[PDB]
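**Q** Got a sequence here, can you model it:
(chains A, B, C, D, E, F, G, H, I and J, ligands or ions: 2)
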Amino acid sequence: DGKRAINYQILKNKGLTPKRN
Amino acid sequence: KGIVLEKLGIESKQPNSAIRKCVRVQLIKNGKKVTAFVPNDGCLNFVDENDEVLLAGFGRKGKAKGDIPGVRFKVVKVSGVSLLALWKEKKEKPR
Amino acid sequence: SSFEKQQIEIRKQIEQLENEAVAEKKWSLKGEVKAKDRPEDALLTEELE
Amino acid sequence: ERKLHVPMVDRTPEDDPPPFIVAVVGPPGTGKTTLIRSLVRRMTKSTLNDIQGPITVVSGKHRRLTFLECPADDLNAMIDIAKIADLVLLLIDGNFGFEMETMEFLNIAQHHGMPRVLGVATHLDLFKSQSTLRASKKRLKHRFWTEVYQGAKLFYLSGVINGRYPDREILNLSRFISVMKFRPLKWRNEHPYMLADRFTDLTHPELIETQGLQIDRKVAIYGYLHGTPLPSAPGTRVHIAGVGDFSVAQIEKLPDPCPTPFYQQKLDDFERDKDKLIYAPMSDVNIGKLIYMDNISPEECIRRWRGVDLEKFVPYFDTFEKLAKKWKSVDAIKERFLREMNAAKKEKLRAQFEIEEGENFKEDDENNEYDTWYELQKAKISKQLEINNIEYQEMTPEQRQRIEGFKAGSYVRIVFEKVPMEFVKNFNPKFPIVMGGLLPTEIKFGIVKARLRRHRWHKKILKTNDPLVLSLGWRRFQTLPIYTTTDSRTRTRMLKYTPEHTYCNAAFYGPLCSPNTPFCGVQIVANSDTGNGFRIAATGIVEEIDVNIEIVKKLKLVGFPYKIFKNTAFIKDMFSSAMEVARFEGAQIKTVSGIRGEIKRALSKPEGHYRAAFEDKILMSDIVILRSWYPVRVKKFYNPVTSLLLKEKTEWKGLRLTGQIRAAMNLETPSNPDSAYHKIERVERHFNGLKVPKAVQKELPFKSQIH
Amino acid sequence: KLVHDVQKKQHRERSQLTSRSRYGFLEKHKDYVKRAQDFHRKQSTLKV
Amino acid sequence: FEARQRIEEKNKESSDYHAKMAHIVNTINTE
Amino acid sequence: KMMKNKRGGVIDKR
Amino acid sequence: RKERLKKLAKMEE
Amino acid sequence: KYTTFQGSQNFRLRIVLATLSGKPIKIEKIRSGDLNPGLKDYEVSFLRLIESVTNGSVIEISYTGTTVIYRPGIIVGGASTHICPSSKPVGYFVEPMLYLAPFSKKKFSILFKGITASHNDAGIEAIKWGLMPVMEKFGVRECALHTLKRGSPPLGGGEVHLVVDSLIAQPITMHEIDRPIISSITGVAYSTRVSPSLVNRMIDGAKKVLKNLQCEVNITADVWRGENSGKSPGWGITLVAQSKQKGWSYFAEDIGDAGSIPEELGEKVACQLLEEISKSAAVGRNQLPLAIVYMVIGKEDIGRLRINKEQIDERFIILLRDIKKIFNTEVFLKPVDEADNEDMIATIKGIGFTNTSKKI
RNA sequence: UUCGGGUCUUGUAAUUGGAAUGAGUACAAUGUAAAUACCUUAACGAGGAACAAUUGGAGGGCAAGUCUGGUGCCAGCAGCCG
Ligand SMILES: Nc1nc2c(ncn2[C@@H]2O[C@H](COP(=O)(O)OP(=O)(O)OP(=O)(O)O)[C@@H](O)[C@H]2O)c(=O)[nH]1
Ligand SMILES: [Mg+2]
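**A** Numbering: from 1, shown residues only, chains lettered A, B, ... in the order given. Ligands and ions are numbered 1, 2, ... in the order given. Below, you will see the structure:
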């Protein structure tokens, strides 16, 4: 559809987290 | 609460030295100028000019290799958002 | 119209820039230039430091 | 402490403030038009249809509002209306959730000075389960609270029942936007700007026929004013967003079409429309004059008033004889200089002491102003504003027009010349035509040094010499930026790209704006090719302005060894002649292994070779390299976007990106194979044993001998 | 301490130019210092 | 001759930079 | 140094 | 052993 | 190349205002009716000075020398030296610098070499004590004019270092509406290569005239001899009346001519200063144009200065007409309520003008 | 603490199986003044189980890179920049 849903990145907004487990 | 006057050590050469991390803000309930840390020269970039920074105490526990003494304050929020928030890219500095 | 002529001129300039940006770099703008790569006997006029 | 702040100035009139401006923004099919029509019909008891262009209504005795349904797919319209707006009714689909147009607009606002955002959520009546409804409202609210501040409230709107939203929720929205209480922002309170209400072309139709529908027609523009008193003397520069950068020919103020009832009744009071309470035109239903009379000589001015070169400094005096004879005495200036008898002596002593001390400790202003440096600064500001007020009130015709010009909220018409026929032809009502008075710094051109970072949500980094349509000031234009780093503040080296997660310096050509000014740049203003990706690409602030820069790109020359002794080496393949080498003699040359050097003398028989000394026996396989710098230059491209002139008003196509042209021309991304990286695996090296000279080995004593 | 992983990212090691498989294994600082220490050792014992 | 000039100017600039940095750190400590 | 650092020019004609 | 020596140098200093 | 100006009138003022505004100007018919029509050596060197201090400007000059075209750039400044031709002195070459100093990208450190006094142009002590105070009142703090070597006509060989460090953003608006009260009379009586007896003679003449008053007077003698005293001999005096309450100064100076009488010059300048006091209203007639320019460039607000009808003169008239031609900024004049005198407040809406060249 | 000492089925971003279940969504009923939940529950719903948990603290390493100082080849500051 012509609507542009937001990316998961910008939905969740976990900016810069290190690697974890 | 303070106003960023000028960034000291803009012209210093080795990056991430204390005189890079320092700025100079005037506390607004006195009109009184005091200097203050900021981690991460990147954050030095996040804070620029006439910004209404929110300062907190430093409370360092042990000295470092080249820490400037006599600089007791650290910048916490800039123009109303958190420095760590901006730095981690959670938020964006609203002008 | 004046705007239309201006857009024609801007189009010419755009075409120039497009071809320039897709074309090959200058020997100078490259890095790690080698004696046969660059034009013969050019440094003594290029005057770099 | 919380209630302290950074003192600023509020250049808005107390007297007849203009209609505040509310921009209704969001995705395409999201009840935006219905929202405006329902708000209007609540606030003025009149259902409306065929809404377009700024629509101005009045609320309360002292407020009035300007609604702009901004178009739902124009990035340029988003940018400029966000520059200008005051309250953003930012609205969100409910069943769908946040949308990229909303996120993009919010970012633009954040970077250009955030107006009072205020979110409303629609399509809430399509949720089947009240549980999913509640969870979804809460999630929207919290994500919104991240973008706009926290505690910011959004409104919820169930379905349209009769082409209108429920009266209760709208009533609450209306009262909120009736006590909104806006706040000062630097750009708006430093520039004059208006949002045009009506547009009228002006030529003579026979003249149009003769010139052939090509002559650049005069244009009249009607609207209120905002921000800073427009100077009334014709010939100032105003940028019309998306149309160009004009200069005003003729100014004139008029009676406003929707005067607030307080003003109307005060007017009726002084002298001694209730049915059309809205306004949608774009929709359908003496020494001073002696000074400034130019045809008069200054001699004539002065003789009439009483009844010369300026290069010389000393002013014109009389003969010393007359001077001394006149002033044998000084009593005429003694005034300027400085029981009953005892009281008079006390009074004159008090006068002497007051002249002595005076304003040395006149209250310190501090205990006067409640011992808070913030409030002291603010008091200075307010005292200045009231001085302005009284001096302006002093006199009617000039203090209002010639001195300051039209303050704000003064409904003016302006006519320009030389306005494109394309504008007048393709102009539709659904787009905002906004005007801003420029400043000298903003009419000059040069190159601006800013610092910018890749916008955190844009998936790709920004290459140098790739066009960026940036928005800065009132303007939107496409430019060729160059991104520079300072190698620890020795020199300004160009980078090949943008650091993924940090701010790099950039320098680019374009109109100048005052330092410390924020700006934001996009890549694709064309609606035709946007994709699902995030549009805004770079954000930064301009630091300094100039007309040229020293900007350096590194190039290293590579040379090759072919005959080596201890500490000396013959290097071939690095220059092309002995003159060249001799020009370069005495150079810090270092090899890949990291051993320093210099080039000593140009070798003779081979044409370019040379001998160089190193700090250690270089290999044969190594490579010698010489670091040197090369000046680059900034491209002077400048292609200001003009979507309003364009007919589609979207898909403004400018310079294309490098990857785009490469794909279009069907080339390949060039890469020489020797530059790539590889997974090498370094093996151990066994070194040979020592071998003493036979002379020594024969001369050794018997014990310390190799047995 | 207060540093991004991208700030700590990596730096790959470029290898010898292709036109010289004849002169293999372009030398880097680790190997140069290893050989330099070895040669200094030999010089020391010869002086002895 | 160019090399002589370049050495001269670099030494002048490094001197200026060291002077400025000493000034700034002293101002930090005393202000 | 002077030609490398300056940008604007004076045009003198007589 | 070298890694422990470096660790010990760090710990002392 | 757009705004037209006629005649050689107020050439430096017009060029200064062109730089400050930014719009391009064009001055035509410079001394058309002359045996040597066109500019002069000093004007040409002044254009050279502007080109040095600024950056990106363009100066077009006619082959006839009768018309000049100016398309400005931005102010930079930096460090420089200038060789003022002997036709005019350094005061003439410094005043425009006083106008353009504190809005530059870099501080001003300019070394002027030439003659350092004349009858028509402000001297060194004149500039210091009569214009630095006005700048300080308007906001500039760190402005100084050191005098390395002090020349004199007609050989000069004097040197002055002009340093300005207060890079303000724009002058503070001014509110002065009351005639100040003179506190003291300071003065400088200098000379080069002649008798301190001559200097003291000047001092005695001036104090002789001024004994009638009761305000204290202190005049410092400044005698120079030897090598750093310049080539030709000379002498001069400069008197300032200082109102210490708010820091205001009215000054008048002059220099001795070949075969002048030291006491006669002293009495002349004393009477002359006290004349300027009589005519003055919060500002001297010679300081006035500086004050007006700073008001018109102060930020977007109303500033007020109390002037006198005597300071209202044809020089003031032409100044205000040029200012309107440049800035479109009318100046309102309002008579004071005072019945005794006839002072008029000059009220000016300074346009918002920012030191947009300075880096952050 | 350095010389060294002790001890032992452990190691891996290796392959692979068929099971369990609620977060969620949902006929229904229960609940309730009416509902929304909870508690029960048909049909759905798990292999990056992408159905994507965090907030701090400590340390290392990498380059034809950068800066600064030196009794070569080193040391320091540091390194999103080759
Ligand atoms: N169910 C439901 N439908 C809504 C709601 N609000 C709007 N709509 C639908 O959306 C349509 C309204 O679109 P518009 O009023 O034109 O809003 P718009 O942004 O101007 O849409 P465009 O004309 O495409 O720009 C109506 O036909 C409604 O059917 C809502 O709250 N609930
Ligand atoms: Mg619609």
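**Q** Could you check how many residues crowd around whatever residue of chain C ends up closest to chain G?
**A** Minimum separation of chain C from chain G (C-beta to the nearest C-beta) falls at residue C:47, amounting to 10.9 Å. C-betas here are computed from N, CA, C, even on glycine. Using other C-beta atoms under 10 Å in any protein chain shown, residue C:47 has 9 other residues around it.
**Q** Look up which residues are beta-bridged to the residue nearest to the spatial centre of chain G.
**A** For chain G, the residue nearest the mean C-alpha position is residue G:9 (3.6 Å; C-alpha atoms, centre = their mean). Under the criterion DSSP bridges, residue G:9 forms beta bridges with residue I:58.
**Q** Contacts only, for it.
**A** I:51, I:58, I:59 (C-beta atoms under 8 Å, 6 or more residues apart in numbering or on different chains).
**Q** now, which of these sits nearest residue D:642?
**A** Checking the contacts of residue G:9 against residue D:642 by C-beta to C-beta gives residue I:58 as the nearest, at 28.7 Å.
**Q** From residue I:115, how far off is the residue nearest to residue I:152 when sequence neighbours are not counted?
**A** Leaving aside its sequence neighbours, residue I:152 sits nearest to residue I:234 (C-beta to C-beta, 6 or more residues apart in numbering or on different chains; 3.2 Å). Distance, residue I:234 to residue I:115, by C-beta to C-beta, to the nearest Å: 9 Å.
**Q** between the two, what contacts are shared?
**A** Applying C-beta under 8 Å, 6+ apart, one finds that residue I:234 and residue I:115 are jointly contacted by I:152, I:153.
**Q** now residue D:298: how far from chain C?
**A** With distances taken as C-beta to the nearest C-beta, to the nearest Å, residue D:298 is found 43 Å from chain C.
**Q** so who does that residue touch?
**A** Here residue D:298 is in contact with D:308, I:314, I:317, I:318, I:321 (criterion: C-beta under 8 Å, 6+ apart).
**Q** Look at residue I:145 and give its secondary structure.
**A** Secondary structure state of residue I:145, per DSSP: H, G, I helix; E, B strand; the rest coil, is strand.
**Q** That one: neighbour count?
**A** 20.
**Q** tell me the contacts of it?
**A** For residue I:145, the contact set (C-beta under 8 Å, 6+ apart) comprises I:94, I:124, I:127, I:128, I:132, I:160, I:161, I:162, I:163.
**Q** what's next to the helix or strand containing the first one, contact-wise?
**A** Which is residue I:94. Using DSSP states H and E, residue I:94 falls within helix I:90-100. Residues from elsewhere that reach helix I:90-100 (C-beta under 8 Å, 6+ apart): D:311, D:313, I:12-13, I:15-16, I:19-20, I:42, I:45-46, I:49-50, I:53, I:75, I:82, I:84, I:108, I:110, I:112, I:114-118, I:120-124, I:126-127, I:131, I:135, I:145, I:158, I:160, I:162, I:290, I:293.
**Q** Tell me the most packed of the contacts of residue G:9, by neighbour count.
**A** Using other C-beta under 10 Å as the neighbour test, the contacts of residue G:9 are led by residue I:59, with 20 neighbours.
**Q** Go ahead and confirm that residue touches residue I:47.
**A** Yes: with contact defined as C-beta atoms under 8 Å, residue I:59 reaches residue I:47; the gap is 5.6 Å.
**Q** Grab the nearest non-local neighbour of residue 14.
**A** Since you didn't name a chain, this refers to chain A. Nearest non-adjacent residue to residue A:14, counting by C-beta to C-beta, 6+ apart: residue B:90, 8.0 Å away.
**Q** right idea, wrong chain: chain G
**A** residue I:63 (5.5 Å).
**Q** Check whether the residue in chain E that chain B sits nearest to sits in a helix, strand or coil.
**A** Distances between chain E and chain B by C-beta to the nearest C-beta are smallest at residue E:2, namely 5.1 Å. Assigned with three-state DSSP, residue E:2 falls in the coil class.
**Q** Was I right to think it contacts residue B:42?
**A** No: counting by C-beta under 8 Å, residue B:42 is not a contact partner of residue E:2; they are 9.6 Å apart.
**Q** Looking at the two, which has the bigger crowd around it?
**A** Neighbour comparison, residue E:2 and residue B:42: the larger count goes to residue B:42, with 21 against 11 (by other C-beta under 10 Å).
**Q** Can I take it that the more buried one is in a strand?
**A** No: Residue B:42 is assigned helix when assessed by three-state DSSP, not a strand.
**Q** correct me, but it touches residue B:89?
**A** No: at 10.8 Å, residue B:42 does not count as touching residue B:89 under the criterion of C-beta under 8 Å.
**Q** Close to RNA strand J: what parts of chain A are there?
**A** Residues of chain A lying close to RNA strand J (C-beta under 7 Å from any atom of the strand) are A:8, A:12, A:14, A:17, A:19, A:20.
**Q** No further questions, thank you.
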